[PDB]
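The data below hold one chain only, encoded as structure tokens and taken in the form deposited in one PDB entry.
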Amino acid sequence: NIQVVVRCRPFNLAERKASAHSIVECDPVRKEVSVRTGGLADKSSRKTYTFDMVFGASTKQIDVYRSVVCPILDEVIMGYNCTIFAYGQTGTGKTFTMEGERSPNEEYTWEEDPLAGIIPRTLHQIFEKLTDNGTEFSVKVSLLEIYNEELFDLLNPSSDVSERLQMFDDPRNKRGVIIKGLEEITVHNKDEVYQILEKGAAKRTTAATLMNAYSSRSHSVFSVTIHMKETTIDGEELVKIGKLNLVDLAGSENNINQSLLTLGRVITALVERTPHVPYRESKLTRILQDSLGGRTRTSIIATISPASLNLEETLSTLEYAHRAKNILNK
């Protein structure tokens, strides 16, 4: 039930120059990804995997949005909860996919940059989906990050990222938690979302200088909650609450990452139908408990490299993402 897609990144400027041969081949039609596990493109062994969707190195950012995000967002607009994870070795594109980048030399505005990833596009489409239908709505965003099992808020400008938040169990609704001090910024208009990301980025830098390899070892959960009141052409004002969680996971490459380690154990228990699922063993799995075997619609975009020097990691990632397909939750 949990949908899993694979995204291979293209070779960089230094790989094309070193005349690199891709050990990875994608077949979107057959939704399969094939990787050469032994030398020689003249003769060799291969390992194949089938996923709900596969996107080759030529896949553009807009292709990921129209294909995976747009549908998920729709479901969020209907009043449901959805989560999208990005799993993969450092350098394969987790952040590129989830956040994206800016085209060089200020060639475009943020809302039109073809390099923009899921988060900016989503925030911009929410304001162009509901506004363009006259519905009373309200968007809230939060950016909770995890590093060495400590929680950080990368968006409230009052305190710095050296302030560790506390987590407790939410006695109201089961399988949930309360983060004391977590900030929920309100996004009033499109012209306000970039500003928010700008701030987050500035704090991301601070966390990086304060914590070792922060960008590779941390887990980030960017949440967007939409409070809606759709007044159709009739007059019925329906009450809808939708939450979308965009999770940029720590690099899967393998000191110890308790949340990553626990996320793996949790998937294992869910797919092997074991009675006890270790959700409580990490901040990530407790925070996102409802996204693993709960009532939330979840999708995992596993990122991979086409370079042969990343073979071992590429297989581990695919093997992992492949096992994840058997998780049933809704």
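Rigid core: the largest C-alpha set superposing within 1.5 Å between the two forms. In case it trips you up, residue 1 is the first one in the sequence shown, and so on.
- Of the other compared PDB entries of this protein that include residues on both sides, all give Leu288 atoms, none of them, and so not a third, leaving it without.
- Among other deposited entries of this protein with both flanking residues present, none omit coordinates for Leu270; it is modelled throughout, well short of a third.
- Deposited sequence between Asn254 and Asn255: 10 or more residues lack coordinates.
- In this crystal structure, the stretch out of 298-306 and 47-55 whose C-alpha atoms carry the higher mean B factor is 47-55.
- Stretches 194-202 and 211-219 differ in mean C-alpha B factor, with the higher average recorded for 194-202.
- Sorting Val161, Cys82, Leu144, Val247 by the CA temperature factor given in the entry leaves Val161 at the top.
- When the C-alpha B-factors of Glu149, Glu183, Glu99, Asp74 are ranked from the entry, the top spot goes to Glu183.
- Sorting the modelled residues of the chain by their CA temperature factor places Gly39 in the highest third.
- When the modelled residues of the chain are ordered by their C-alpha B factor, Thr262 lands in the lowest third.
- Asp27: CA B factor lies in the middle third for its chain, per the PDB record.
- Per-chain ranking of the deposited C-alpha B factor places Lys17 in the highest third.
- Looking at the C-alpha B-factors along this chain, the one for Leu115 belongs to the middle third.
Another form exists, deposited in another entry; not displayed. Remarks below refer to it.
- With the rigid core aligned between this form and the one not shown, only one of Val187, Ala116, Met228, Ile126 has a CA shift of 2 Å or more: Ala116.
- With the core held fixed between this form and the one not shown, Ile62 has its Cα displaced by at least 2 Å.
- The Cα shift for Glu237 between this form and the one not shown, taken after rigid core superposition, is 2 angstroms or larger.
- CA of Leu115 to CA of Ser299: closer by 3 Å or more in the other entry than in the shown form.
- Shown here is a form in which the CA atoms of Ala116 and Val224 lie at least 3 Å farther apart than they do in the other entry.
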